[PDB]
Every structure is written in C-alpha cells, then in structure tokens.
Amino acid sequence: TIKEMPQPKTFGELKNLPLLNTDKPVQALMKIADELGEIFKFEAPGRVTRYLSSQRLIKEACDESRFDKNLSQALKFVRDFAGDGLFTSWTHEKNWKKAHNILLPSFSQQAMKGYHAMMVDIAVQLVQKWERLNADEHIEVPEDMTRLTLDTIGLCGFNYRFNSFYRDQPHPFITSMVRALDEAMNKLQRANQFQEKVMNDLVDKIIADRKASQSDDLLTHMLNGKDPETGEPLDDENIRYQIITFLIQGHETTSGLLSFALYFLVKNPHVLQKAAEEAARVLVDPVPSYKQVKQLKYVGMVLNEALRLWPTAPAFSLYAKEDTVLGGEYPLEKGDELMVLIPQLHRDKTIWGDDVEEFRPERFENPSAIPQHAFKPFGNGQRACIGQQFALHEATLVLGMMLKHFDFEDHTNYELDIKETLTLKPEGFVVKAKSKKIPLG
Ligand code: HEM
C-alpha cells in the first residue's frame, strides 16, 4: 500500500547533513543508495529532496506530464551567471521554449556536417601536441581534453579561437568557471572570489568579433533567428546568457567523457586493442571524413559505456507538477523535488545484470534492446541535452584519431580519483602516448 520512505539517520536540526560532509557528494549519495535502495529522502536544514536510483521509479519520474525539470541548489547558483539560458531556465519561463525553438536548428544533421571541418581543426591540434612531446614527457589527460572541447565549442558555435593549445595553463575563461562550479557545490554543505565578472569581457569579444567579421553557426541563430511560435528574437540580455551557457555546457561534460573513456581503455587492454583496430581500419584517410566518424561503431560503444559508468553530468532534478503518487507507494505533494542519481540508475542490476562495474562496450551492441529510461546520461524529455549529437560526434572523432595515431601507457598505474564540480572528471589522470608515426593531412 502506502509506504514510509527510506531515509538515512538524522542528527537533530542538522538532519541528514552530517552524512554529506565531503567534496564528493554524488559518490557519497551512491553509497547511501547502495544501503537504502531505489529511493531515499534526504533532508538538510530548510530543504528536502528524494533520491531515485532504479529504472522503475525513474521511468515514472521521467513522465513529463507529471514531473518537470527543477533547478537544484547547484543550478540556482549557476543561474547567477547563466541566467535564463537554456540550462538554468524553468520550462515555464518564456525564454526557455523561445531559445529552444531558435537554437535547435544549430544541432541538425547538416549543421553537424557543417561543424565537422572545424572539429577536425582542433583535433589535429591535439594530435600534433602529443606528437611533439619529448620522450621524457607525459600527458595531462583532462587538462588537454578541456583544451580541445573548449576550443571546439568556441570555433563551431561562435567562430572564436580560444587558442587553448597555445597555453600551458588552462585558459583564463576556464579558471574562473572551475572556481564557481566548486563553490556552488560547497555552498550546499553549509547549514548556517565567488563574486569576483571575468567572462563578460569574453562575451563582449565574441559578439564584437561577429559585429565586424559568412557565418551560419549557433551565434548567428542567437543574433538573428526569431521563434516560429511567437515571432520574437532573443533579447540582448538572454543572448549573453546563452553564450555563457553554451561555453560551459559545450565543453565541460565532453572533456570528462573523453578522459573517462581513455581511463577505461588503458585499464582494459583487450577493449583498447579492439577499439584501436576499428580506428585503423575505418580511418583510411589523412584526416577523418564526417561519414567515417559514423562508421566508428565500437568507439561509439566505448563512449556510451564510459557514460554508463560515470555520466559526466551525474544528476538532474525534477519537481511534481501536481499532487501525485510515485511507484504506487509514495505520495508527493505539488512542488516536491526528486533527484535522479544517474550513476546509480546505470548500475540497476535488474536492467544491466550483476557485473555493473565492469567496462563492457559490447553492452551497446544493439541499443534498441536497452529498456527505456535505463540509460539517461543526457537527461530527459524536452529538457534533455540539446548538444548530445554534437558531443558524441566530437568525442568519437577525437577518440578515433587518438587510437589511430598513438599507443597509450598507464605509466603511473593511475588510481581513479573523481573530482566533482557538478561535472565529473578523473582528476590527475596522466598517460604516456607513443606515436605510431602516421602523418596528418
Ligand atoms: C557527453 C557530454 C554531455 C553530457 C553527458 C550532457 C548532459 C546533459 C544533461 C544530463 C542535461 C540535462 C540537465 C538537467 O536536466 O538539469 C543537459 C542539458 C543541456 N545540455 Fe548537455 N551534455 C553534454 C554535452 C553538451 C554539449 C556539447 C552541449 C552544447 C553544445 C550541451 C548543451 C546543453 C544545453 C544547452 C542543455 C539545457 C537544454 C534545455 O534544457 O533546453 N551539452 N546536458
């Protein structure tokens, strides 16, 4: 019948908060999930949410007629900077559907074919960097993947060159971002520099570059493109929010993906061997064609399996549109919040079998077999990732070229250490790459 909701122990007015005293809250919540099962309530001073981990409950939560996207505490801080951009707007905010309609054509297959050459530009810069390292040198994986993904969104979206590969520290734009992503995550564990405004020069420079300057990219649609429903273009204030949104969303999760993918490949030599052999076979030309990337079937499986284990945007939040009952057992009142613990969803033994921790790309051999709402690294419904096909094309292309051009060594026997900034990264992951001395075009 009507069930009492599991909940970890509460400590007076502190509630459950002393159980999340960590820089790694998602990983801590995964342990609580292992303990309490498919749903638990979590209270902190003043606020309450319910963590879901099973495909059966999340499939219900994914019913857009009953639950909509909620801005979690973390997203409410990002909203200070990203405003009512796509990622930090409520669905019922006018600018949400408006920008969605305006910007969606920028991710059509075709706009995607139109991005490929610029993707290859940044990818060649990555490969050339690693070709040019001396014998005594190693690669800082997440740091270089971030150089690539930031430059890729810069160039494809905004025809702006961040020139991240001409810098040996992260781009100044990144360095701001990283501090605000962590401080928003830390502000949650507070029961009782963040203001220091840096990226607005960058935004000005992106718009001004375009002002001067034959482009048909994301920025063009932001600037000119009007919403078929209402006839309205985006206003200036919202355009600035969208630029910021796409610069942060357009690079951070993709970089984490590539990093985890390389991690899992160097830990699984037989998977690496097969992935490498596909890359050599398919990529027969000096630089990859759009069509060839689509032929990298096993590399795509490798990426989906990295997202299964460590989805780089690991949670999303929902709220009950009306009073409702969840799972036929848990009554919810209007406004009650739910969080989808994606890494936990992706370990549901009832869906995946009981080797959920193993890195097996062949799970994705025939994807239509995978139940609905079992695999959700890109979110849900109308508020799902708009950039999904962009991210996967970029990553497939890049991983393909890496595997074609180098042999990789896990030279420090790296121990996985996952840093959380509301995206996930394998912090400190380093490798050595031995060139196969295949020329570029
Ligand atoms: C593997 C890489 C990526 C992952 C795992 C990922 C994941 C996600 C997830 C889980 C959401 C839903 C957020 C929520 O429900 O609160 C989302 C939304 C969003 N993502 Fe992605 N993302 C990736 C790459 C990208 C890229 C490359 C772009 C842009 C080029 C992008 C742009 C966006 C935008 C604008 C939204 C808000 C969409 C809306 O609500 O209308 N993402 N993403």
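Whatever comes next refers back to the structure up there.
Chain by chain, residues are numbered from 1 following the written sequence, and this numbering need not agree with the entry; no residue without coordinates is displayed. With hydrogens and water set aside, each side-chain value is computed from the structure's full complement of heavy atoms. Residues with missing side-chain atoms are left out of burial classes, side-chain pairs and their counts.

Novice: Account for the site of the ligand, naming residues and giving values.
Specialist: We call a residue near a molecule or strand when any one of its heavy atoms sits within 4 Å of it. The ligand sits among 26 residues. The nearest are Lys 69, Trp 96, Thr 253, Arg 383 and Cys 385. The term polar contact refers here to a pair of N or O atoms within 3.5 Å; inside protein, the definition further demands a hydrogen-donor-capable atom paired with an acceptor-capable atom, and it admits residues adjacent in sequence only when both atoms are side-chain atoms. Between the ligand and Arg 383 there is a distance of 2.7 Å, counted from an oxygen atom to a side-chain nitrogen or oxygen. Numbering of helices and strands runs from the N terminus, with a helix taken as a DSSP run of H or I at least four residues long and a strand as a DSSP run of E at least two residues long. Contributing elements (two or more residues each) for the shell around the ligand: α10 (236–249), α11 (252–267) and α17 (388–405). Ranked by the residues each element gives to the shell around the ligand, the list is headed by α11, at 3 residues.

Novice: How would you sum up unusual backbone geometry? Please name residues and give values.
Specialist: You will see that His 373, though not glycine, has its phi angle at about 70°, which is positive. The backbone phi angle of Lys 437 is positive, close to 55°, even though this residue is not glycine. Relative to the assigned elements, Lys 437 resides in the segment after β12 (430–435). Burial classes: relative accessible area under 20% of the type maximum marks a residue as buried, over 50% as exposed, and values in between as partly exposed (1.4 Å probe, protein chains only). For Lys 437, a relative accessible area of 66% puts it in the exposed group.

Novice: Give a detailed account of the pairing of strand β5 (residues 315–320), specifying residues and quantitative values.
Specialist: As a general feature of sheets, a regular strand has side chains that alternate between the two faces. Counting buried positions over the 6 residues of β5 gives 5, a clear majority of the element. Bridging between β5 and strand β8 (residues 337–341) involves 5 bridges; their strand directions are antiparallel. Within β8, the residue paired with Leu 318 across the bridge is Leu 338. For two strands to be treated as a pair, DSSP must find no fewer than two bridges joining them.

Novice: An account of the nonpolar core is requested, with residue identities and associated values reported.
Specialist: Grouped together as the largest cluster of nonpolar side chains are 110 residues, with contacts concentrated most on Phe 158 and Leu 399. Contacts are residue-level and defined by heavy atoms, with any inter-residue pair within 4.5 Å sufficient. Setting aside anything within four residues of it in sequence, one finds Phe 158 in contact with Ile 153, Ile 206, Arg 210, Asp 217, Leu 218, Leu 219, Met 222, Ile 243, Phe 246 and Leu 247. Residues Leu 57, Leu 326, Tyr 330 and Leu 332 belong to the second largest nonpolar core, which totals 18 residues. Only buried residues count toward a nonpolar core, which is a set of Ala, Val, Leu, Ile, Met, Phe, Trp, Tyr and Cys residues joined through side-chain atoms within 4.5 Å.

Novice: Give me the packing of aromatic side chains: which residues, what numbers.
Specialist: Pairing of aromatic side chains here covers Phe, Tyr and the six-membered ring of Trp, requires ring centres within 6.5 Å, and sorts the geometry by plane angle: under 30 degrees stacked, over 60 edge-to-face, intermediate tilted. Considering all chains together, one arrives at 22 aromatic pairs under this definition. Aromatic side chains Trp 90 and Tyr 319 sit 6.3 Å apart centroid to centroid with 70° between the ring planes, which places their arrangement in the edge-to-face category. The exposure classification of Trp 90 matches that of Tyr 319, with both residues buried. Between the aromatic rings of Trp 352 and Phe 375, the centroid separation amounts to 6.4 Å while the plane-to-plane angle is 70°, which identifies the pairing as edge-to-face. One end of the pair, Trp 352, is in helix α16 (residues 349–352); the other, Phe 375, is in the loop between α16 and α17, and 23 residues separate them in sequence. The buried category is assigned to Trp 352, whose relative accessible area is 11%. The partly exposed category is assigned to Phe 375, whose relative accessible area is 22%.

Novice: Account for the pairing of β8, naming residues and giving values.
Specialist: Burial analysis of β8 places 4 of its 5 residues in the buried class, the great majority of the element. With 3 bridges joining them, strand β2 (residues 47–52) and β8 adopt parallel strand pairing. Opposite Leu 52, over in β8, you have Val 340 as the bridge partner.

Novice: Can you lay out the coordination of the iron atom of the ligand for me, pointing to particular residues and giving the numbers?
Specialist: Angles at a metal have ideal values that depend on geometry: 109.5 degrees with four tetrahedral donors, 90 or 180 degrees with six octahedral donors. Atoms are scored as donors when they are N, O or S and lie within 2.8 Å of the metal, with 3.2 Å used for Na, K and Ca; no water is included, so coordination may look incomplete. Within the protein, just one atom coordinates the iron atom of the ligand: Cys 385 (SG), at a distance of 2.3 Å. Locating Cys 385 in the fold gives a position in the loop between α16 and α17.

Novice: Provide a residue-level description of the pattern of salt bridges, including the pertinent values.
Specialist: In the sections that follow, a salt bridge refers to a side-chain nitrogen of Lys or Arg positioned within 4 Å of a carboxyl oxygen of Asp or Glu. Per the counting criterion, the structure on display carries 22 salt bridges. A salt bridge links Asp 336 to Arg 50, with the nearest nitrogen and oxygen atoms 3.8 Å apart. When sorted by exposure, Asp 336 lands in the same class as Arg 50, which is buried. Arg 210 is the salt-bridge partner of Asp 217, the closest N and O atoms lying 2.7 Å from each other. Overall, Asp 217 belongs to the buried group, its relative accessible area being 6%. Taking the relative accessible area as the measure of exposure, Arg 210 reaches 14% and is therefore buried. Connected through salt bridges with shared partners, the residues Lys 3, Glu 38, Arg 56 and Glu 329 form a single ionic network.

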